[PDB]
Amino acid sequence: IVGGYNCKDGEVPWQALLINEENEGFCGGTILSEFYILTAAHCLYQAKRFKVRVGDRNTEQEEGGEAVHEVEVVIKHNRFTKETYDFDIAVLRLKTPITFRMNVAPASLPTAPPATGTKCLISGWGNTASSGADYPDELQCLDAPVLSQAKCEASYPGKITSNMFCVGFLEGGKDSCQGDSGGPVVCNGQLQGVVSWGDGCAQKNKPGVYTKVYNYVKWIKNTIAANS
């Protein structure tokens, strides 16, 4: 996240982090239920083996800590292709269920498409620098408005599908970035997006492009039920 702030305690209970073999974070995730995590399909090929980490170390407000989970089944949307980065969505099934608490809870699937102007909360452990590499020690948060499809399409001519939507600032300075992929975009209490891609990070007229979760509610629900 570029130009964000240190998330306040208990602000993103549904946040998950994918960690590689070297115990390093490379992508985000969203808790959907005790066994399921939502992330980006493109994160699946950015590492051979990985686990999922949820929770936090702020025991002052609530005890429990961070919990690392092993992934039992990886279910990538079969229509994903890096040619367009369309269908950049995947569902993970953990070996052991997550023990929920007030600061570790699932996100709500959307019941209506995202509305232009609506404020959303984007979070992640990804790069905080427009140019260069500066990763945070604390989870980052960013409040950004949903952009009209017209401005989105105008930003990425012919590269925006119906399964994508833009969130951010046309003037640049604040956006998600590398490592944030898979992370949540929560607008008014609903999970409206998954961090996906963009031209650079926080560039002028180059807002972050997100997977429109509303278009995948049926795929997520049935995929989980097919494997449950």
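Numbering starts at 1 and runs along the sequence shown.
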Mean temperature factor over C-alpha atoms, higher-scoring stretch between 175-183 and 189-197: 189-197
Mean C-alpha temperature factor, higher of 106-114 and 138-146: 106-114
Of the residues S123, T81, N127, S131, the one carrying the largest Cα B-factor as recorded: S131
Among modelled residues of the same chain, the CA temperature factor third for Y156: highest
Position of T223 among the chain's modelled residues by C-alpha B-factor, lowest, middle or highest third: lowest
Third of chain Cα B-factors occupied by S33: middle
Assigned third (lowest, middle, highest) for the C-alpha B factor of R53: middle
Ranked C-alpha temperature factor of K76 among modelled chain residues, by third: middle
